[PDB]
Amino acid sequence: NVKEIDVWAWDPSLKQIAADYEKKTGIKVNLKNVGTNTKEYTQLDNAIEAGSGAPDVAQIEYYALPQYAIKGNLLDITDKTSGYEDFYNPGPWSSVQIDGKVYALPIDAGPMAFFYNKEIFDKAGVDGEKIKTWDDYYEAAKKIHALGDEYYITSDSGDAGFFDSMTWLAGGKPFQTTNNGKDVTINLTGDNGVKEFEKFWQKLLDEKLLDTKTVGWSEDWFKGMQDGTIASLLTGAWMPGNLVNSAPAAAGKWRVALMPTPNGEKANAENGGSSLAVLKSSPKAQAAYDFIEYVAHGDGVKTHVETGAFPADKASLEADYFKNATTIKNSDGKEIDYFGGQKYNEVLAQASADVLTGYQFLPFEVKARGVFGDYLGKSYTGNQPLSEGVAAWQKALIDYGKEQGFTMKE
C-alpha cells in the first residue's frame, strides 16, 4: 500500500535520481535538503529524540554512520547485501558496517583533489598544475591574495571535516576504536599528522591568507567560486556536481589536480563521502530500502556519476562513462563542460588510488565535529593557536566518551 516515502539528503544528484525512480515505479519520493552535514544531523537528532518526524531515508556520511548505528537509529539491512562486498569499493563497503552489520548503502566516495580556478591562478602568476607540496600551496596562497584584499586561495571558517581529512593526508590517525567499539583512544595532541597540518594551516591563518568569513555550503561560498575570490578548493571528489549546479558562472575556468602533500610524497585522504540509510523508525522499511537500492546499486549509480559524483562501486571505475567523462550533466540534464574539456576522472581515479589506509572515525563523530567550532573557532576568527584549540577539543571528546559509556584513553 506504500505509495510515498520521505528522504532527507543534500547530494545534488538525488533530485534527478529520485525523479527517475518515481517514473520507473510510481512511488512518490518526497525529497528534502534540510541542510548539509551537521545541519542535517541536528534535524535527524531532533526527530529521533522526539520519536516523530524522521524521514524514512537519510543521507548519512561515512564518518557519521558509527554514531547513528551504535545508538540503534539505523535499520540493519545486512540480509539484503549478500554480494555487495563484490560490488562496492573496499573503503565505502567497510564504512557501512558496524559490529558485523550493514546499516546503509554507499552512494559516493570522497578521495580528495585540488580543484582550482585556472583563470585566477594564471592571472596571479601561479601554475595550478605545479602545486605538489604544502609549501607550494603556501607560496601560491600569497600570490593569490596579492591580487587584492578580497581574493583568497580558498576559504575555511573552521571546518572539522577538513581538519580531520588533512590530518589523514599527513599520515595521522588520532582516533582508535577496538573491543566491539567499547575502547577508544584519542591522541590529537600527540599525533604527527595533526601536528604537521597545524603547522601548515597556522601559517596561512597567521598571514591572513585564508578567507575565514565565508562558511562552506553557503551562497557566498558558491559566489566566491564564481567571482574568483575563492580561487580553489582542497576537497572531496564529489565537488564537480556542486560546481556545475551551484557555481555555474565559472564553468570552463576550473581544473582538477592531485592534492598537494606535506613533502610531495604520494598520499591522499578522503573528505566526505556518503551512504543512504533506512531509519530504524521507518514504518516503510521495504519501500525505503527499495529506493536506496536503486540509487546506490541499481541504475541510479550511472546517473550519479554522469551528474558529477565520484563512484562507490568497482565497475564504475572501469566504465567508459567514468573514465572518459569530460562534461557533467546538471540538474536539468544539460551537459556542462565545467573543466574546459579535462578528463577529470583520470585525476580523480588516481586520487582514489593514492588514499592512505588505516584511518578511523570516532564512534561519535556527529558530536565531535559538531563541537569542533566551540574549541577551534577562535583559531579561525581570532588569534588562538590551532594547537591550543585542539587540546581543548581532545579533552572535551575524552570526557564525552566516558560519559557515554566508552572506556577512553589518550
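The first residue of the sequence shown is number 1, and the count goes up from there.
As the entry records it, the average C-alpha temperature factor is higher for 126-134, out of 251-259 and 126-134. If you average the C-alpha B-factors over 21-29 and over 5-13, the higher value belongs to 21-29. Comparing C-alpha B-factors across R369, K343, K378, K39 in the deposited entry, the largest value falls on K378.
Ranking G273, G158, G72, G298 by Cα temperature factor from the entry places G72 first. Looking at the C-alpha B-factors along this chain, the one for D313 belongs to the lowest third.
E49 sits in the highest third of its chain by CA B factor, as recorded in the PDB entry. Among the modelled residues of the chain, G333 sits in the highest third by CA temperature factor in this PDB entry.
Ranked within its chain, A287 lands in the middle third, by CA B factor from the PDB record. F197 sits in the middle third of its chain by CA B factor, as recorded in the PDB entry.
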